[PDB]
Amino acid sequence: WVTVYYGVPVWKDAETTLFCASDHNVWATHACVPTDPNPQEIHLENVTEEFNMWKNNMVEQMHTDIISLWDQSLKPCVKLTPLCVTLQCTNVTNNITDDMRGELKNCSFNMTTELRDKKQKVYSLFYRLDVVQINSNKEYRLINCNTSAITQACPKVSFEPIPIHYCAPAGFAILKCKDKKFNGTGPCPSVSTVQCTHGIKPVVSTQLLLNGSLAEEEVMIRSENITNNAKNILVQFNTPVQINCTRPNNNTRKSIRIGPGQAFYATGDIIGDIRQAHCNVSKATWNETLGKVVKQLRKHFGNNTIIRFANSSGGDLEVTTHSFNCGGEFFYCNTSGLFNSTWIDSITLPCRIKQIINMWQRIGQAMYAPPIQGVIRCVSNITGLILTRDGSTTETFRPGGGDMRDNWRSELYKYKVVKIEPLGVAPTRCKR
Amino acid sequence: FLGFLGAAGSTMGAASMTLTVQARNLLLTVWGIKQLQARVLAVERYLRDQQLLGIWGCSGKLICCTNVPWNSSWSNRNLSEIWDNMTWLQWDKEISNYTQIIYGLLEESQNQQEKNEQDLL
Amino acid sequence: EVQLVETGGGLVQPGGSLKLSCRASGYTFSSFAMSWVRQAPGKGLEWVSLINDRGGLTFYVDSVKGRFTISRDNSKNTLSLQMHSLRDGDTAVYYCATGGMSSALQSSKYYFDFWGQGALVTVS
Amino acid sequence: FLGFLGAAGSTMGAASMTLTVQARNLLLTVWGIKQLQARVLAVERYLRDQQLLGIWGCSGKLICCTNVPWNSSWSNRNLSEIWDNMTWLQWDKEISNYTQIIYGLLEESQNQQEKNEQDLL
Amino acid sequence: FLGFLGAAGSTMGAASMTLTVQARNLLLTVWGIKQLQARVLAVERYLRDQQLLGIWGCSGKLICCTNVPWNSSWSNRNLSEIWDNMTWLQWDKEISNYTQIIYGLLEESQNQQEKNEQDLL
């Protein structure tokens, strides 16, 4: 009666190592498998499968893979140890608008030349956020000098978030939930098997989620525990909100040789006048979008509840502002103009710019972002929010972020990895 | 018709006609190592299943009819329910606790068969 | 309610050939094995042939083993029996019946559940 | 007599007596990775061929006689030309375009055979 | 009863009932490479033995009765001494020098058998 079958369509939850595939990058370059131009997807009829986006180890793998790629891409670049010197700084005062008063420092210093016998007197411009006043009222040091070594990113490697596809190894499969209005947990019908994930762009940001995927029909609210104020709420929009950012300053770049084969890229004089970096969000669009978000929050908090939006709480710049990398430069924008309302042209968000960047939440590994010549203009899609609930007739929501896993969890929520188990036995009516 | 796992929601007797579909899908130094480990594992898992079929006397087959009786205590159901209503995922859950017992019995009946066949030659 | 309807010629010369057929309805044709049984003009029943539900396996009684062919077409819901050579001893009513085998992944039968009315074949 | 590939220029029927000759020849961290990849690949290629023979019902054989008819459209030649004049390299070119058709037919006839053999037990 | 190699000191006919016991036990970047090499080797060694059994016509078996006669010059002993007194370790030493001869004969008789079976079909 026992009959053995091999090739049985059975699987179990499993954790494995997925590989990257893709169609001068920081991330996926040549250490990545070329994609299949005609990838497959198979609908599974009558299959109900339980998904849990909050326990999805694909998120942990992506987090680890992008950090490791980031570091490998800085390892061979120029060390800026020679730059951690006493700086003599004054204010940049030439044609400065009020918003930029005190933002730029004109600093001179004694730098190493190619020969070990000689030094050179050089100068460069720094942002106020890059330096620390010491002592002699003009003496400054770079901010990272008492904490860490700093390296210069190689100005040939772009930070463009080129999409990565994750693919399963043989013996494993990735299941995709196609059930619209899937909130991240529990069972869903309409499951399909895919060879690989769609391309996911490793966009790094806080508060606002940029350039991601959109909800198919309705704005969705997803959380690990909606009643736990210690958990974040991810909000996925069903329409994009366009945001236009810029650094309206025609910068120049100069190369300072600091050794036999090494150079420091310094910000030189700025052409034209000095203006503040900023981002524009269409006001009507933002209001309509916020409209939809509240309508959905009411489903969990009550339709007679007062839902208020407020700006961020205190913390470091990387937490309280909207951080993003665009055009090759790192912007920190003030979002208090977006989250200032009860219930529910353009809105201008002022921004600050930094050159010394501490990625993720690490201490000890700083990088210097070389300046970009000319003027930067960026156009991107806001596709979602990270909100934290501040908490008896009202609830206040504030922008959150800083934990990058939340930005990938929002794209990988539809995927699950399973292991195929091809043997099975069953009673039949035959005998060897 | 159906591709890989397309029969997963089908009944056990509707499935089990697609066995070759699933069988064929089983096949910077740090990235190199991670991928070699994934590939080596896929091979090791494949070979363990093949070794197991071999010791049960089912080498080279997708469907292997054995000489072990079915204990009604493992699953007291008729062929009609098992092959026409149930899917393989449901079945796997139903008899998960008896898998090792069944495997032990399959190995033992093959050892006896293999020896009887030697004595007859 | 199911039906099995035998058709086919009823008069042949010995040494010739004859094809009979049986149209089925009211059940899934493809789920059942089928067979032919003869009724001698003045005696009892004799099993002649059996075909599997999928049409791949056929079995015969020794007396027709080198002479008759049993075939099935699941897209038309029909059976056929091709007789050759023909003997006087083959005069009988030929009944189409459902049953006889099993598919080893379902309960066995080994009995005949349904019968048609029978084609009458005379060998002159 | 001949060693590996020594029969390559021989006719198909003179060759095919040397099948075990070829079958047995199929078996600083950067250098380590390059060699592991080469070794892992050799294993994966070997296993794919063995899996394929298995699903066609030819496991464990070097010569396997199947139950699929030869379509004259694949190659309209007599046994005398194929086995006495042609070499295997020439033959492989002649029917390259029909390889996938033939493979599909071999898999299907085995699926049918395997099921018929279950029903007979 | 006994686990892996527990039968090593047993006689040849007491052992050889434990064949599945042994068969199943055959299955910072620098550390990663050392372990991948160990795993790749285990697979390669396993497959060479399986390939060898295959070309001798013993695929899928633990005990394979062949059609090659035993030359008394390889070991002039009766079944009683070989199966009841000797252990497998002792036997392996006794006929070590004839292993390659025996293997060559096994391959050749299979080639002849395989061809005769083709002509009969």
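Which chain is which? They are A, B, C, D and E, in the order written, and residues in each are numbered from 1.
Quick note on the criterion: contacts are C-beta pairs under 8 Å (C-beta built on N, C-alpha and C of every residue); 3 or more make two chains touch, one makes a residue touch a chain.
Highest inter-chain contact count (C-beta pairs) belongs to A-B.
A comparison of C-alpha centroids places B closest to the centre of the full protein.
Chain D maps onto chain E through a rotation of 120°, based on Cα atoms and reported in steps of 5.
Chain A and chain D have CA centres that are 52 Å apart. Chain A and chain E have Cα centroids separated by 59 Å. Spacing of chain C relative to chain D, judged by their CA centroids, is 43 angstrom. Each of the following residues of chain E touches two or more other chains: 29, 33, 36, 40, 43, 59-60.
In chain A, the positions touching at least two other chains are 3, 428-432. Those residues of chain C in touch with two or more other chains are numbered 102, 104-107. Taken as a contact graph, the chains fit none of the simple arrangements: neither line, ring, star nor complete graph. By the definition of touch given earlier, these chain pairs are in contact: A-B, A-C, A-D, B-C, B-D, B-E, C-D, D-E. Taken in their complex, chain D has these residues touching chain E: 17, 20, 23-24, 27, 29, 32-33, 36, 39-40, 43, 46, 59-63, 65. In the complex of the two chains, the chain D residues touching chain A come out as 118-119, 121. The part of chain C that touches chain A in the complex is made up of residues 102, 104-108. Those residues of chain B that touch chain E in the complex are listed here as 29-30, 33, 36-37, 40, 43-44, 47-48, 51, 54-55, 57, 59-60, 107, 111, 114-115, 118, 121. Listed in rising order, the residues of chain A touching chain B in the complex are 1-11, 16-17, 19, 31, 40, 42-47, 68, 72, 169-171, 173, 193, 420-432.
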